[PDB]
Amino acid sequence: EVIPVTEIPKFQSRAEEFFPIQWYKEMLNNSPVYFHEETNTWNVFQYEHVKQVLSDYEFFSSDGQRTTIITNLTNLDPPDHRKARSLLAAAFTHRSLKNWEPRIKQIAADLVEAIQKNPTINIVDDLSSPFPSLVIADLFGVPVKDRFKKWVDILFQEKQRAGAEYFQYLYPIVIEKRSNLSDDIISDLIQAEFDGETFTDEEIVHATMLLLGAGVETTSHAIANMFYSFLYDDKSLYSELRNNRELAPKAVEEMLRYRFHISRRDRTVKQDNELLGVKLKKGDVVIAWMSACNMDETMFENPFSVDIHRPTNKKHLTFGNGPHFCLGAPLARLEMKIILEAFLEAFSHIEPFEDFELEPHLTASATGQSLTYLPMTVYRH
Ligand code: HEM
């Protein structure tokens, strides 16, 4: 049973759903452990409850009958999760993340080089939408000619057709790489082994589709919302980053705490318990609202303000917590750092369009509402 999580807050505007800080403050102050009769869900907003739901799989299972949304990795609890996680993790080593940085830098340099003389840019079409698709295509090892945005657009049934077309495209590339191994994700998934078990070629195609669904639109949203913040939240932050070019990672971590909305994951209660202060029964569904708990003043001082120097920022739960903690988190942080650093090198100052209207430039997405357009005036020094 697909649970329509959109019906819990019932937002009055796309703009509110895009940045629901008023609703987070209401739930944290008045209703932090909230039973929603219409969806038959429990809803938790406080940092210590959200963290417990995400990680304590003995009590809060990822593999229940009801959900908020090809290996089903995200739907497995330990012990069955260990093999799937280990085989996919073979493509996300410390060595690969080190080797990816100069490749991702090249891609960012080319995207920014295309807009370097622009008086005005559109973050979405010029940067946030193409960049994570161009990156994942390079990291997969796709032929240079195919270097792909189309796929994830369509991968959003339209869905049956698109998945069958991706499969026919990639299946012969995996077979080819099995005989012709290179430093790319597909080659690392071919060589992966757990207790003598390996992926089949078909499983590797599915693994790449899971990585596309996990890592493209999420990263696009995170980048667009970071640039949104520089225009609309702390308008002095961009200047601070220009003045000290080592601050990019701190800025990325604060934009993942402050401007990624809405982050929520569901679990199914596995055993009766009152760990969240209320009696729950086996089969109950709990939604953990990570974006809300990222503004819990018990963990984050001055939580409704941008502060890239807040020493707790690295504790945000935008990537989850526990066994399912985002496999892509290092890559996501690297992509956001590299695109921000390339942008800072090109542009001395950015300004919003006085006439930009948010409501007409938001569309429904898996995370709530996403920018369709984000204009800015840019300057060079
Ligand atoms: C800003 C970007 C991203 C965000 C906000 C994000 C968020 C998340 C979250 C919250 C989970 C945990 C789900 C849960 O507990 O139920 C997760 C899992 C995962 N993410 Fe990410 N993600 C991002 C980028 C990426 C990228 C770039 C990749 C890969 C290229 C990726 C691959 C995955 C995978 C494979 C899992 C499943 C791990 C498991 O279930 O063991 N993600 N992501």
Side-chain angles (χ1 to χ4, degrees), residues 50-57 60-64 67 71-93 96-97 100 104 128 131-140 184-186 188-189 192 206-226 252-268 285-291 293-294 316-340 365-368 370:
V50 165
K51 182 163 164 183
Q52 179 129 45
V53 173
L54 290 167
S55 62
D56 192 352
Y57 55 85
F60 301 102
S61 170
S62 297
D63 46 64
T67 188
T71 47
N72 294 120
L73 169 72
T74 304
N75 290 309
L76 298 170
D77 296 324
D80 297 328
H81 174 255
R82 291 248 292 102
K83 177 167 56 53
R85 173 77 175 210
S86 293
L87 289 173
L88 200 55
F92 292 86
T93 56
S96 286
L97 193 74
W100 292 348
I104 297 165
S128 60
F131 179 60
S133 284
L134 289 170
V135 167
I136 200 56
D138 179 297
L139 297 194
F140 280 179
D184 55 43
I185 288 177
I186 289 170
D188 282 350
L189 296 174
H206 298 332
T208 71
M209 299 164 55
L210 183 277
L211 298 173
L212 288 174
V216 170
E217 187 191 330
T218 52
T219 312
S220 173
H221 183 72
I223 299 165
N225 288 12
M226 169 167 61
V252 166
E253 275 325 302
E254 177 60 343
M255 297 298 110
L256 287 169
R257 182 197 69 87
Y258 190 75
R259 269 279 172 187
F260 196 95
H261 307 276
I262 300 164
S263 292
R264 30 103 229 271
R265 291 295 161 161
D266 65 84
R267 298 293 189 256
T268 299
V285 171
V286 185
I287 306 169
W289 297 77
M290 301 107 82
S291 301
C293 91
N294 284 346
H316 67 77
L317 290 185
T318 299
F319 292 122
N321 189 81
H324 294 282
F325 177 88
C326 179
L327 189 64
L331 170 61
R333 291 173 161 122
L334 176 63
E335 284 191 47
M336 293 179 71
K337 182 193 87 177
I338 287 169
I339 202 61
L340 173 56
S365 68
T367 48
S370 293

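Throughout, residue positions are numbered sequentially from 1 according to the sequence presented. We count ligands from 1, going down the list as the structure has it; atoms in each ligand are counted the same way. Quick note: numbers below take in every heavy atom, side chains included, and nothing from hydrogens, waters or symmetry partners.
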Can you count the protein N/O/S atoms lying under 2.8 Å from atom 21 (Fe) of ligand 1, leaving waters out?
1

If you have a sec, work out which protein heavy atom is nearest [atom] and how many Å separate them, to one decimal?
atom                    : answer
atom 35 (C) of ligand 1 : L210 CD1, 3.4 Å
atom 37 (C) of ligand 1 : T74 OG1, 3.8 Å
atom 38 (C) of ligand 1 : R85 NH1, 3.3 Å
atom 7 (C) of ligand 1  : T318 O, 3.7 Å

Say whether, by atom type as modelled, one donor and one acceptor occur between the side chain of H324 and the main chain of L76 under 3.5 angstrom.
yes

Is it true that a side-chain atom of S291 and a backbone atom of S263 form a donor plus acceptor pair closer than 3.5 Å?
yes

Does ligand 1 have an atom under 4.0 Å from some heavy atom of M290?
yes

Determine, using heavy atoms of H81 and all atoms of ligand 1, whether some pair is separated by less than 4.0 Å.
yes

Is a donor from one side chain sitting under 3.5 angstrom from an acceptor on the other, for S365 and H221?
no

Distance-only N or O hit between ligand 1 and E335, under 3.5 Å
no

Using heavy-atom distances only, which candidate in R267, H324, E217 approaches atom 16 (O) of ligand 1 most closely?
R267

